[PDB]
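A.B. asks: Structure supplied as my_file.cif; contents: mmCIF, N, CA and C atoms.
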```cif
data_protein
loop_
_atom_site.group_PDB
_atom_site.id
_atom_site.type_symbol
_atom_site.label_atom_id
_atom_site.label_comp_id
_atom_site.auth_asym_id
_atom_site.auth_seq_id
_atom_site.Cartn_x
_atom_site.Cartn_y
_atom_site.Cartn_z
ATOM 1 N N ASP A 542 -5.732 47.074 15.769
ATOM 2 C CA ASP A 542 -6.044 48.521 15.800
ATOM 3 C C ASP A 542 -5.672 49.257 17.079
ATOM 4 N N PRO A 543 -4.823 50.291 17.007
ATOM 5 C CA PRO A 543 -4.366 50.994 18.199
ATOM 6 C C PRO A 543 -5.490 51.744 18.815
ATOM 7 N N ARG A 544 -6.482 52.116 18.035
ATOM 8 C CA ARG A 544 -7.663 52.771 18.586
ATOM 9 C C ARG A 544 -8.312 51.918 19.667
ATOM 10 N N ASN A 545 -8.317 50.602 19.481
ATOM 11 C CA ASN A 545 -8.953 49.683 20.408
ATOM 12 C C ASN A 545 -8.066 49.316 21.589
ATOM 13 N N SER A 546 -6.872 49.896 21.689
ATOM 14 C CA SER A 546 -5.991 49.602 22.807
ATOM 15 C C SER A 546 -6.687 49.892 24.131
ATOM 16 N N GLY A 547 -6.547 48.967 25.075
ATOM 17 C CA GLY A 547 -7.206 49.079 26.353
ATOM 18 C C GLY A 547 -8.595 48.492 26.397
ATOM 19 N N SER A 548 -9.174 48.149 25.251
ATOM 20 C CA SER A 548 -10.454 47.453 25.254
ATOM 21 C C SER A 548 -10.292 46.064 25.856
ATOM 22 N N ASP A 549 -11.380 45.559 26.432
ATOM 23 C CA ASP A 549 -11.378 44.281 27.132
ATOM 24 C C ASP A 549 -12.184 43.212 26.410
ATOM 25 N N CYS A 550 -12.585 43.457 25.161
ATOM 26 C CA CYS A 550 -13.458 42.548 24.425
ATOM 27 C C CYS A 550 -12.864 42.098 23.095
ATOM 28 N N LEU A 551 -11.559 42.258 22.895
ATOM 29 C CA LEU A 551 -10.987 41.958 21.592
ATOM 30 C C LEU A 551 -10.733 40.461 21.442
ATOM 31 N N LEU A 552 -10.657 40.027 20.187
ATOM 32 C CA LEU A 552 -10.398 38.641 19.831
ATOM 33 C C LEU A 552 -8.980 38.496 19.296
ATOM 34 N N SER A 553 -8.326 37.398 19.666
ATOM 35 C CA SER A 553 -6.986 37.103 19.189
ATOM 36 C C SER A 553 -7.033 36.593 17.750
ATOM 37 N N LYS A 554 -5.854 36.524 17.123
ATOM 38 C CA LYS A 554 -5.779 36.054 15.741
ATOM 39 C C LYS A 554 -6.206 34.594 15.630
ATOM 40 N N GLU A 555 -5.737 33.748 16.551
ATOM 41 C CA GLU A 555 -6.131 32.343 16.533
ATOM 42 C C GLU A 555 -7.639 32.194 16.709
ATOM 43 N N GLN A 556 -8.234 33.044 17.549
ATOM 44 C CA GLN A 556 -9.678 33.032 17.747
ATOM 45 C C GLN A 556 -10.414 33.422 16.470
ATOM 46 N N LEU A 557 -9.977 34.506 15.823
ATOM 47 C CA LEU A 557 -10.617 34.948 14.590
ATOM 48 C C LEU A 557 -10.529 33.880 13.510
ATOM 49 N N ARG A 558 -9.370 33.229 13.383
ATOM 50 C CA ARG A 558 -9.236 32.164 12.397
ATOM 51 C C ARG A 558 -10.152 31.000 12.731
ATOM 52 N N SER A 559 -10.273 30.665 14.021
ATOM 53 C CA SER A 559 -11.208 29.620 14.430
ATOM 54 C C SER A 559 -12.633 29.954 14.005
ATOM 55 N N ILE A 560 -13.120 31.130 14.412
ATOM 56 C CA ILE A 560 -14.496 31.538 14.141
ATOM 57 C C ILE A 560 -14.757 31.601 12.641
ATOM 58 N N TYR A 561 -13.783 32.095 11.868
ATOM 59 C CA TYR A 561 -13.970 32.151 10.425
ATOM 60 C C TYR A 561 -14.005 30.754 9.820
ATOM 61 N N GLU A 562 -13.122 29.862 10.284
ATOM 62 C CA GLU A 562 -13.041 28.515 9.729
ATOM 63 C C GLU A 562 -14.278 27.681 10.035
ATOM 64 N N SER A 563 -15.030 28.022 11.080
ATOM 65 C CA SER A 563 -16.285 27.344 11.390
ATOM 66 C C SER A 563 -17.506 28.127 10.914
ATOM 67 N N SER A 564 -17.307 29.154 10.103
ATOM 68 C CA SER A 564 -18.406 29.871 9.482
ATOM 69 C C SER A 564 -18.555 29.428 8.036
ATOM 70 N N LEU A 565 -19.739 29.659 7.486
ATOM 71 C CA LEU A 565 -20.034 29.243 6.126
ATOM 72 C C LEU A 565 -19.802 30.340 5.092
ATOM 73 N N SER A 566 -19.414 31.544 5.515
ATOM 74 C CA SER A 566 -19.136 32.670 4.624
ATOM 75 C C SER A 566 -18.763 33.876 5.475
ATOM 76 N N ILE A 567 -18.184 34.880 4.812
ATOM 77 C CA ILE A 567 -17.769 36.097 5.504
ATOM 78 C C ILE A 567 -18.968 36.784 6.148
ATOM 79 N N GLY A 568 -20.129 36.739 5.485
ATOM 80 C CA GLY A 568 -21.337 37.285 6.085
ATOM 81 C C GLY A 568 -21.781 36.509 7.312
ATOM 82 N N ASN A 569 -21.710 35.176 7.244
ATOM 83 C CA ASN A 569 -22.006 34.358 8.412
ATOM 84 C C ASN A 569 -21.048 34.667 9.559
ATOM 85 N N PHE A 570 -19.755 34.773 9.246
ATOM 86 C CA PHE A 570 -18.760 35.242 10.204
ATOM 87 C C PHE A 570 -19.217 36.527 10.887
ATOM 88 N N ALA A 571 -19.645 37.513 10.092
ATOM 89 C CA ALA A 571 -20.086 38.778 10.670
ATOM 90 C C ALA A 571 -21.300 38.584 11.579
ATOM 91 N N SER A 572 -22.218 37.681 11.208
ATOM 92 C CA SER A 572 -23.392 37.447 12.048
ATOM 93 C C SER A 572 -23.004 36.833 13.384
ATOM 94 N N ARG A 573 -22.084 35.868 13.366
ATOM 95 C CA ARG A 573 -21.678 35.237 14.614
ATOM 96 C C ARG A 573 -20.961 36.231 15.515
ATOM 97 N N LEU A 574 -20.143 37.110 14.929
ATOM 98 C CA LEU A 574 -19.561 38.190 15.722
ATOM 99 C C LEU A 574 -20.646 39.093 16.300
ATOM 100 N N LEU A 575 -21.702 39.356 15.524
ATOM 101 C CA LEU A 575 -22.821 40.151 16.030
ATOM 102 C C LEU A 575 -23.415 39.526 17.286
ATOM 103 N N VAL A 576 -23.781 38.246 17.204
ATOM 104 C CA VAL A 576 -24.390 37.567 18.341
ATOM 105 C C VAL A 576 -23.420 37.506 19.516
ATOM 106 N N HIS A 577 -22.118 37.433 19.238
ATOM 107 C CA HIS A 577 -21.148 37.338 20.324
ATOM 108 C C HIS A 577 -20.968 38.674 21.038
ATOM 109 N N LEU A 578 -20.986 39.790 20.294
ATOM 110 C CA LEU A 578 -20.685 41.097 20.874
ATOM 111 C C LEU A 578 -21.904 41.819 21.436
ATOM 112 N N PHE A 579 -23.117 41.384 21.103
ATOM 113 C CA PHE A 579 -24.345 41.931 21.678
ATOM 114 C C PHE A 579 -25.115 40.844 22.426
ATOM 115 N N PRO A 580 -24.505 40.210 23.432
ATOM 116 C CA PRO A 580 -25.197 39.088 24.083
ATOM 117 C C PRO A 580 -26.491 39.501 24.758
ATOM 118 N N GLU A 581 -26.571 40.736 25.254
ATOM 119 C CA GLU A 581 -27.784 41.184 25.923
ATOM 120 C C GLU A 581 -28.970 41.320 24.972
ATOM 121 N N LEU A 582 -28.751 41.228 23.658
ATOM 122 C CA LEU A 582 -29.832 41.329 22.685
ATOM 123 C C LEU A 582 -30.299 39.982 22.152
ATOM 124 N N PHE A 583 -29.588 38.892 22.448
ATOM 125 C CA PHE A 583 -29.902 37.572 21.913
ATOM 126 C C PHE A 583 -30.276 36.578 23.014
ATOM 127 N N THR A 584 -30.862 37.072 24.106
ATOM 128 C CA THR A 584 -31.423 36.217 25.144
ATOM 129 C C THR A 584 -32.821 35.765 24.726
ATOM 130 N N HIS A 585 -33.545 35.141 25.656
ATOM 131 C CA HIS A 585 -34.930 34.762 25.403
ATOM 132 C C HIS A 585 -35.851 35.968 25.237
ATOM 133 N N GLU A 586 -35.391 37.177 25.574
ATOM 134 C CA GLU A 586 -36.224 38.363 25.404
ATOM 135 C C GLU A 586 -36.151 38.936 23.991
ATOM 136 N N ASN A 587 -35.123 38.574 23.219
ATOM 137 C CA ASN A 587 -35.023 38.933 21.802
ATOM 138 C C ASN A 587 -35.057 40.445 21.585
ATOM 139 N N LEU A 588 -34.334 41.188 22.426
ATOM 140 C CA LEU A 588 -34.288 42.639 22.274
ATOM 141 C C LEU A 588 -33.692 43.048 20.931
ATOM 142 N N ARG A 589 -33.028 42.134 20.262
ATOM 143 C CA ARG A 589 -32.465 42.313 18.963
ATOM 144 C C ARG A 589 -33.514 42.767 17.986
ATOM 145 N N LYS A 590 -34.749 42.339 18.162
ATOM 146 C CA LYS A 590 -35.827 42.690 17.247
ATOM 147 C C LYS A 590 -36.149 44.176 17.247
ATOM 148 N N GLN A 591 -35.634 44.946 18.200
ATOM 149 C CA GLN A 591 -35.856 46.384 18.187
ATOM 150 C C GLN A 591 -34.740 47.148 17.486
ATOM 151 N N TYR A 592 -33.714 46.452 16.989
ATOM 152 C CA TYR A 592 -32.482 47.078 16.533
ATOM 153 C C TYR A 592 -32.177 46.741 15.080
ATOM 154 N N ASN A 593 -31.423 47.633 14.444
ATOM 155 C CA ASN A 593 -30.679 47.315 13.235
ATOM 156 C C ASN A 593 -29.438 48.204 13.219
ATOM 157 N N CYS A 594 -28.585 48.012 12.203
ATOM 158 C CA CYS A 594 -27.267 48.648 12.212
ATOM 159 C C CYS A 594 -27.364 50.162 12.104
ATOM 160 N N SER A 595 -28.332 50.665 11.346
ATOM 161 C CA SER A 595 -28.374 52.084 11.021
ATOM 162 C C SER A 595 -29.338 52.877 11.885
ATOM 163 N N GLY A 596 -30.225 52.210 12.617
ATOM 164 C CA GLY A 596 -31.320 52.913 13.249
ATOM 165 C C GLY A 596 -32.343 53.386 12.246
ATOM 166 N N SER A 597 -32.482 52.669 11.138
ATOM 167 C CA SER A 597 -33.407 52.998 10.070
ATOM 168 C C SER A 597 -34.725 52.251 10.252
ATOM 169 N N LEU A 598 -35.730 52.669 9.473
ATOM 170 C CA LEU A 598 -37.017 51.977 9.399
ATOM 171 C C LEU A 598 -37.669 51.846 10.773
ATOM 172 N N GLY A 599 -37.439 52.825 11.647
ATOM 173 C CA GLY A 599 -38.063 52.844 12.956
ATOM 174 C C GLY A 599 -37.422 51.974 14.014
ATOM 175 N N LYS A 600 -36.255 51.398 13.746
ATOM 176 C CA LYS A 600 -35.533 50.599 14.726
ATOM 177 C C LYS A 600 -34.508 51.454 15.466
ATOM 178 N N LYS A 601 -34.070 50.957 16.620
ATOM 179 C CA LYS A 601 -32.948 51.565 17.316
ATOM 180 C C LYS A 601 -31.642 51.184 16.628
ATOM 181 N N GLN A 602 -30.612 51.991 16.859
ATOM 182 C CA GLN A 602 -29.305 51.737 16.270
ATOM 183 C C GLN A 602 -28.471 50.833 17.170
ATOM 184 N N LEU A 603 -27.853 49.817 16.574
ATOM 185 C CA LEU A 603 -26.870 49.013 17.289
ATOM 186 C C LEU A 603 -25.641 49.857 17.600
ATOM 187 N N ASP A 604 -25.066 49.646 18.783
ATOM 188 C CA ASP A 604 -23.865 50.347 19.238
ATOM 189 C C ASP A 604 -22.841 50.468 18.113
ATOM 190 N N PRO A 605 -22.526 51.690 17.679
ATOM 191 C CA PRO A 605 -21.574 51.850 16.571
ATOM 192 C C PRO A 605 -20.152 51.440 16.911
ATOM 193 N N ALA A 606 -19.756 51.445 18.189
ATOM 194 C CA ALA A 606 -18.403 51.012 18.530
ATOM 195 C C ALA A 606 -18.233 49.518 18.275
ATOM 196 N N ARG A 607 -19.225 48.723 18.671
ATOM 197 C CA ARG A 607 -19.145 47.286 18.452
ATOM 198 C C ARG A 607 -19.311 46.937 16.976
ATOM 199 N N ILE A 608 -20.175 47.654 16.258
ATOM 200 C CA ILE A 608 -20.261 47.422 14.822
ATOM 201 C C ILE A 608 -18.945 47.789 14.152
ATOM 202 N N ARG A 609 -18.331 48.889 14.580
ATOM 203 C CA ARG A 609 -17.034 49.270 14.035
ATOM 204 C C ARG A 609 -16.005 48.174 14.266
ATOM 205 N N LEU A 610 -16.071 47.507 15.427
ATOM 206 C CA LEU A 610 -15.159 46.391 15.680
ATOM 207 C C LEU A 610 -15.448 45.210 14.758
ATOM 208 N N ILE A 611 -16.729 44.918 14.508
ATOM 209 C CA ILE A 611 -17.066 43.803 13.625
ATOM 210 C C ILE A 611 -16.611 44.092 12.199
ATOM 211 N N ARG A 612 -16.812 45.327 11.736
ATOM 212 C CA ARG A 612 -16.321 45.708 10.420
ATOM 213 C C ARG A 612 -14.801 45.661 10.361
ATOM 214 N N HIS A 613 -14.120 45.968 11.467
ATOM 215 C CA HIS A 613 -12.663 45.871 11.466
ATOM 216 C C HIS A 613 -12.215 44.422 11.292
ATOM 217 N N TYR A 614 -12.812 43.511 12.069
ATOM 218 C CA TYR A 614 -12.490 42.094 11.924
ATOM 219 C C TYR A 614 -12.820 41.588 10.526
ATOM 220 N N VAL A 615 -13.921 42.062 9.938
ATOM 221 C CA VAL A 615 -14.281 41.636 8.587
ATOM 222 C C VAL A 615 -13.260 42.146 7.578
ATOM 223 N N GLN A 616 -12.895 43.428 7.681
ATOM 224 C CA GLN A 616 -11.916 44.008 6.770
ATOM 225 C C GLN A 616 -10.593 43.257 6.814
ATOM 226 N N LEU A 617 -10.213 42.726 7.985
ATOM 227 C CA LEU A 617 -9.003 41.906 8.043
ATOM 228 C C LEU A 617 -9.067 40.744 7.053
ATOM 229 N N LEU A 618 -10.251 40.147 6.881
ATOM 230 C CA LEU A 618 -10.434 39.059 5.925
ATOM 231 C C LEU A 618 -10.915 39.531 4.558
ATOM 232 N N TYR A 619 -11.575 40.685 4.491
ATOM 233 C CA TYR A 619 -12.236 41.154 3.272
ATOM 234 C C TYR A 619 -11.922 42.631 3.100
ATOM 235 N N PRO A 620 -10.726 42.957 2.604
ATOM 236 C CA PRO A 620 -10.318 44.374 2.536
ATOM 237 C C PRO A 620 -11.291 45.281 1.792
ATOM 238 N N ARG A 621 -12.031 44.763 0.813
ATOM 239 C CA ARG A 621 -12.993 45.612 0.121
ATOM 240 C C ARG A 621 -14.121 46.069 1.038
ATOM 241 N N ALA A 622 -14.299 45.428 2.199
ATOM 242 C CA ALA A 622 -15.258 45.929 3.175
ATOM 243 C C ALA A 622 -14.844 47.267 3.771
ATOM 244 N N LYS A 623 -13.596 47.705 3.565
ATOM 245 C CA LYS A 623 -13.232 49.078 3.908
ATOM 246 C C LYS A 623 -14.009 50.092 3.077
ATOM 247 N N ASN A 624 -14.578 49.664 1.954
ATOM 248 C CA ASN A 624 -15.398 50.526 1.116
ATOM 249 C C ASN A 624 -16.825 50.581 1.654
ATOM 250 N N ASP A 625 -17.324 51.799 1.878
ATOM 251 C CA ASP A 625 -18.608 51.974 2.550
ATOM 252 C C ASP A 625 -19.765 51.365 1.768
ATOM 253 N N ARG A 626 -19.684 51.354 0.439
ATOM 254 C CA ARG A 626 -20.756 50.752 -0.347
ATOM 255 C C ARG A 626 -20.788 49.235 -0.173
ATOM 256 N N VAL A 627 -19.615 48.598 -0.123
ATOM 257 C CA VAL A 627 -19.550 47.163 0.135
ATOM 258 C C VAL A 627 -20.132 46.847 1.507
ATOM 259 N N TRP A 628 -19.706 47.587 2.530
ATOM 260 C CA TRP A 628 -20.216 47.332 3.872
ATOM 261 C C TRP A 628 -21.725 47.527 3.939
ATOM 262 N N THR A 629 -22.239 48.577 3.294
ATOM 263 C CA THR A 629 -23.678 48.823 3.328
ATOM 264 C C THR A 629 -24.445 47.723 2.604
ATOM 265 N N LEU A 630 -24.000 47.359 1.400
ATOM 266 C CA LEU A 630 -24.779 46.498 0.520
ATOM 267 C C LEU A 630 -24.592 45.013 0.789
ATOM 268 N N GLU A 631 -23.494 44.619 1.432
ATOM 269 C CA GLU A 631 -23.150 43.213 1.586
ATOM 270 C C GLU A 631 -23.072 42.751 3.033
ATOM 271 N N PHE A 632 -23.285 43.634 4.009
ATOM 272 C CA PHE A 632 -23.167 43.222 5.403
ATOM 273 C C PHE A 632 -24.303 43.758 6.262
ATOM 274 N N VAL A 633 -24.679 45.026 6.076
ATOM 275 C CA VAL A 633 -25.709 45.612 6.931
ATOM 276 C C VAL A 633 -27.011 44.837 6.807
ATOM 277 N N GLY A 634 -27.350 44.404 5.592
ATOM 278 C CA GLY A 634 -28.566 43.628 5.412
ATOM 279 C C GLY A 634 -28.558 42.325 6.193
ATOM 280 N N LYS A 635 -27.438 41.602 6.167
ATOM 281 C CA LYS A 635 -27.387 40.324 6.869
ATOM 282 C C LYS A 635 -27.419 40.520 8.381
ATOM 283 N N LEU A 636 -26.809 41.602 8.872
ATOM 284 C CA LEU A 636 -26.862 41.897 10.300
ATOM 285 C C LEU A 636 -28.277 42.278 10.724
ATOM 286 N N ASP A 637 -28.932 43.141 9.943
ATOM 287 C CA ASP A 637 -30.315 43.497 10.240
ATOM 288 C C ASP A 637 -31.209 42.264 10.218
ATOM 289 N N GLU A 638 -30.950 41.341 9.290
ATOM 290 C CA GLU A 638 -31.722 40.105 9.225
ATOM 291 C C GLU A 638 -31.503 39.263 10.476
ATOM 292 N N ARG A 639 -30.245 39.123 10.905
ATOM 293 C CA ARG A 639 -29.977 38.389 12.137
ATOM 294 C C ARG A 639 -30.697 39.012 13.323
ATOM 295 N N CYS A 640 -30.821 40.340 13.347
ATOM 296 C CA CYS A 640 -31.598 40.972 14.411
ATOM 297 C C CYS A 640 -33.082 40.664 14.279
ATOM 298 N N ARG A 641 -33.582 40.580 13.043
ATOM 299 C CA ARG A 641 -35.014 40.571 12.764
ATOM 300 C C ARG A 641 -35.631 39.180 12.698
ATOM 301 N N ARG A 642 -34.838 38.139 12.458
ATOM 302 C CA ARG A 642 -35.403 36.864 12.043
ATOM 303 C C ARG A 642 -36.244 36.239 13.154
ATOM 304 N N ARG A 643 -37.166 35.364 12.753
ATOM 305 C CA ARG A 643 -38.021 34.657 13.707
ATOM 306 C C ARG A 643 -37.275 33.505 14.372
#
```
Please re-express this file's structure in structure tokens.

C.D. replies:
Amino acid sequence: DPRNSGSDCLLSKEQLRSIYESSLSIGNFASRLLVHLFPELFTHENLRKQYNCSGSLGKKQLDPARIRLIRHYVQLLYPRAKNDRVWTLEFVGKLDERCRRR
């Protein structure tokens, strides 16, 4: 994505294939990207528990730029994730769960 030109946090193609090949599903892939791109939320302080993707249900919103990057990487493997209903119904829930879980 040319929009991301100059960013310092992008993943190479070989890296993306590695991470996907060691994941158990496209949703799991998205969760591991979540934990990788928001490291300050997955420490022993578990700040992740205050967040979800939308800022719904009284939670704070996860950075939309990094979520946009995760959806971009997912769309590379799952083009139907370019559809907003697919992204909402098949990914946002799993990301919110990764933020929320015990």

A.B. asks: Which residues are close to range 622-629 of chain A, i.e. within 12 Å by only C-alpha atoms, leaving aside same-chain residues fewer than 3 positions away? Reply as a list in words.

C.D. replies: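 Those residues are residues 567, 568, 571, 594, 595, 608, 609, 611, 612, 613, 614, 615, 616, 617, 618, 619, 632, 633, 634, 635, 636 and 637 of chain A.
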
A.B. asks: Enter the distance from CA of residue 559 in chain A to CA of residue 620 in chain A, in Å, rounded to one decimal.

C.D. replies: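 These two atoms are separated by 19.0 Å.
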
A.B. asks: Need the axis-aligned box for range 555-570 of chain A with 5 Å each side, so what are the centre and edges in Å to one decimal, as lines of an AutoDock Vina configuration file?

C.D. replies:
```
center_x = -13.9
center_y = 32.3
center_z = 11.2
size_x = 26.3
size_y = 19.9
size_z = 23.1
```

A.B. asks: Per DSSP on the backbone, what are the helix (DSSP H, G or I) residues of range 560-605 of chain A, as a ChimeraX atom specification?

C.D. replies: /A:560-562,567-578,580-582,588-591,605

A.B. asks: From a DSSP pass on the backbone, collect the residues of chain A flagged as strand (DSSP E or B) and hand them back as a PyMOL selection string.

C.D. replies: chain A and resi 592-593+601-602

A.B. asks: Rounded to one decimal place, report the CA of residue 586 in chain A-CA of residue 574 in chain A distance in Å.

C.D. replies: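 Separating CA of residue 586 in chain A from CA of residue 574 in chain A is a distance of 19.3 Å.
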
A.B. asks: Select range 551-562 of chain A in the preceding structure and write N, CA, C and O atoms to a file as an mmCIF file, in the first residue's frame.

C.D. replies:
```
data_model
loop_
_atom_site.group_PDB
_atom_site.id
_atom_site.type_symbol
_atom_site.label_atom_id
_atom_site.label_comp_id
_atom_site.auth_asym_id
_atom_site.auth_seq_id
_atom_site.Cartn_x
_atom_site.Cartn_y
_atom_site.Cartn_z
ATOM 1 N N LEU A 551 6.043 -1.901 8.937
ATOM 2 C CA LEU A 551 5.419 -2.810 7.987
ATOM 3 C C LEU A 551 6.109 -4.170 8.004
ATOM 4 O O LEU A 551 7.260 -4.313 8.427
ATOM 5 N N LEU A 552 5.373 -5.180 7.548
ATOM 6 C CA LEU A 552 5.855 -6.549 7.460
ATOM 7 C C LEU A 552 6.117 -6.918 6.007
ATOM 8 O O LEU A 552 5.360 -6.531 5.112
ATOM 9 N N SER A 553 7.196 -7.662 5.779
ATOM 10 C CA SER A 553 7.539 -8.132 4.447
ATOM 11 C C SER A 553 6.643 -9.303 4.049
ATOM 12 O O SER A 553 5.927 -9.884 4.872
ATOM 13 N N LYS A 554 6.696 -9.658 2.760
ATOM 14 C CA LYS A 554 5.877 -10.762 2.264
ATOM 15 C C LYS A 554 6.289 -12.084 2.904
ATOM 16 O O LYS A 554 5.431 -12.879 3.313
ATOM 17 N N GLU A 555 7.597 -12.337 3.000
ATOM 18 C CA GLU A 555 8.068 -13.564 3.634
ATOM 19 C C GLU A 555 7.627 -13.632 5.093
ATOM 20 O O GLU A 555 7.279 -14.708 5.599
ATOM 21 N N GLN A 556 7.625 -12.485 5.776
ATOM 22 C CA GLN A 556 7.164 -12.423 7.157
ATOM 23 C C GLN A 556 5.679 -12.751 7.259
ATOM 24 O O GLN A 556 5.265 -13.550 8.107
ATOM 25 N N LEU A 557 4.861 -12.137 6.399
ATOM 26 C CA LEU A 557 3.426 -12.395 6.421
ATOM 27 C C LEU A 557 3.126 -13.861 6.149
ATOM 28 O O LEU A 557 2.266 -14.458 6.811
ATOM 29 N N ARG A 558 3.828 -14.463 5.186
ATOM 30 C CA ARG A 558 3.619 -15.879 4.907
ATOM 31 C C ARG A 558 4.027 -16.730 6.097
ATOM 32 O O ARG A 558 3.350 -17.712 6.425
ATOM 33 N N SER A 559 5.130 -16.366 6.763
ATOM 34 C CA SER A 559 5.532 -17.077 7.974
ATOM 35 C C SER A 559 4.435 -17.033 9.032
ATOM 36 O O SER A 559 3.992 -18.077 9.526
ATOM 37 N N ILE A 560 3.994 -15.823 9.387
ATOM 38 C CA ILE A 560 3.003 -15.637 10.444
ATOM 39 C C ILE A 560 1.701 -16.349 10.100
ATOM 40 O O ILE A 560 1.049 -16.938 10.972
ATOM 41 N N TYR A 561 1.291 -16.297 8.828
ATOM 42 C CA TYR A 561 0.068 -16.985 8.438
ATOM 43 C C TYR A 561 0.236 -18.496 8.524
ATOM 44 O O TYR A 561 -0.667 -19.199 8.992
ATOM 45 N N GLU A 562 1.390 -19.011 8.083
ATOM 46 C CA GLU A 562 1.622 -20.451 8.072
ATOM 47 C C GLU A 562 1.717 -21.039 9.474
ATOM 48 O O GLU A 562 1.489 -22.239 9.642
#
```
